[PDB]
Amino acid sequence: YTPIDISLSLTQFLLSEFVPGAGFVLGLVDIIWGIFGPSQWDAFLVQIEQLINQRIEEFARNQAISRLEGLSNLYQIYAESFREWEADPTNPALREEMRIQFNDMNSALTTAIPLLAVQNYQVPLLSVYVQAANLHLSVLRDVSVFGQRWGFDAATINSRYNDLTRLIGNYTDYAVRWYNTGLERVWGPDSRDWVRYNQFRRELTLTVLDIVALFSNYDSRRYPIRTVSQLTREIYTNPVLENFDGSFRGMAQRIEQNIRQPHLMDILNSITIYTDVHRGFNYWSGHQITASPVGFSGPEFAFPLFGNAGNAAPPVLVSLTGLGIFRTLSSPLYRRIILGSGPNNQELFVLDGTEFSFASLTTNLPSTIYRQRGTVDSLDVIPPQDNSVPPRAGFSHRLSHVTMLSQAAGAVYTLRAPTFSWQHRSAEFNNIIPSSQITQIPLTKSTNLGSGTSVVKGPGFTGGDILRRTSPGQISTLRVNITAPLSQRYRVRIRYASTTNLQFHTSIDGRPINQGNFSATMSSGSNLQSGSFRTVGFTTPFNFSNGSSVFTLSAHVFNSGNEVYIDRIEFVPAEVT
């Protein structure tokens, strides 16, 4: 198991078991920290060193691995003490131990951390910094909750919660600043650079950004109970270009521009693939996709045809079944040639096959084969989050969209390189609001946008993209399914940024429900950082009248020309005060 396999399972844990307790505490031991030896840490460092091409200087490299082993042994002491204390929480002995162990844990973290942010080696240390920072917020969150019951005085507990608050933000900002710096250091003009650039973005989303997005949930006073997030960002693969022995000069810009722009989240319904021929070689020449709005709250639309519809063989219909497409086994075809080219005998850089497999927890589903299988497996770059069940059940992402990159007009060869888009399994097909948890629903999971609302690129720490609007109006509208008894009262919070004070109004099924004044959070022309956002609630609770409702959100009472950014809304049970 690699840094990518560990990280994916950690993310699964953090998305399903985010509640203060022993289980959380021991959870972090079984997944990451219950390890002995540099081995895993050296593996975490190598994974990024060999990507940005920067091996950390020896001394610093060893010192960093050493602190990691130190934090590992100590947390193992801490976790055991906590397990015992929670069992006999009154035993003054156990309660003094926890205060002893806590302090040591905390001070070790405060010291190890800067050594994981060594000058000039900030980028390759990055996944190891994120793992420590995650541990730290976790322990600060620990006193903040059980400090009194351990015997701490309200004054220290209050200072710890203040540290937890300052750091949740400091850590978030550091990770995003360095991720963005390596990412640009890796960019280049030719296609070889794009493959490296995209690979950095891909792996660092899986091992850094996906963790950072959950840092906000450590704020114990804001998320007292089980809170549940959803990651809506997309990661990409391009079989034809990632497996090519060479490099098409100056093609990077083209490749990026081909990636679908910020948009509301949609569910893939089908792909109809078209086959052409050249020199006795059939290949995937073009295709057409059809997708539905989240929750299928709208009708199935279709995108224009990507590529060209060839006649060489009849169209193949790939239609969604099960929990989606969790695997693609691609077959790239590189027909190279020793020059002499009138427009006729040409080089081919395309795919002549791909097997699509459908996810399921119950049964083994029949895949849909387009011509033949291949050896380029998606699982090798986007692995299961759970390796104790077949990949069909432990899959971490599901296919969302397939573009089609082609050769520039005037290029003398045939390039048919489709970029595949992958969606995190957490972004559920439906928006479900149950009881006994603070359900988070990002606004990209909206059924539709209001006039003038834009889906803008996320800042890096929100787990996906965010909506924006510069004048009073309706933001968006979303279908919601309540599994909790309708008797349940809820309250809504809105994580947002705004250069102005304004009102947010909500309405369920046309009926006005909440309204309130929210204030500004940033100066005009400031660049978004964790501080720019605020998560504010409405005081008045409400009930849902029906199982499936249409929730609408709008902003008012402000001059146009101001930027308003809205990330997500949270449905908090009324009993949580």
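We number the residues from 1 along the sequence you see.
Colleague: Look over 496 to 504 and 213 to 221 in the entry and identify the one with the greater average Cα temperature factor.
Modeller: In the deposited entry, the stretch with the higher C-alpha B-factor mean is 213 to 221.
Colleague: So which stretch wins on mean C-alpha B-factor, 479 to 487 or 333 to 341?
Modeller: Of 333 to 341 and 479 to 487, the stretch with the higher C-alpha B-factor average is 333 to 341.
Colleague: Between 91, 72, 205, 272, which one tops the list for C-alpha B-factor in the PDB entry?
Modeller: Checking the PDB record, the top C-alpha B-factor among 91, 72, 205, 272 is at 91.
Colleague: So if I compare the CA B-factors in the entry for 403, 297, 378, 368, which one is the largest?
Modeller: Most elevated C-alpha B-factor of the set, per the entry: 297.
Colleague: Tell me, lowest, middle or highest third: where does the Cα B factor of residue 12 rank within its chain?
Modeller: It falls in the middle third of the chain.
Colleague: How does residue 36 rank on Cα B-factor within its chain, lowest, middle or highest third?
Modeller: Highest third, going by the recorded CA B-factors of the chain.
Colleague: Give the position of residue 242 by CA B-factor within its chain, expressed as the lowest, middle or highest third.
Modeller: Residue 242: CA B-factor falls in the middle third of its chain.
Colleague: Report the third (lowest, middle or highest) to which the CA temperature factor of residue 528 belongs, ranking only the modelled residues of the same chain.
Modeller: Highest third of the chain for residue 528's C-alpha B-factor.
Colleague: Could you say whether, by C-alpha temperature factor, residue 552 belongs to the lowest, middle or highest third of its chain?
Modeller: For residue 552, the deposited C-alpha B-factor lands in the lowest third.
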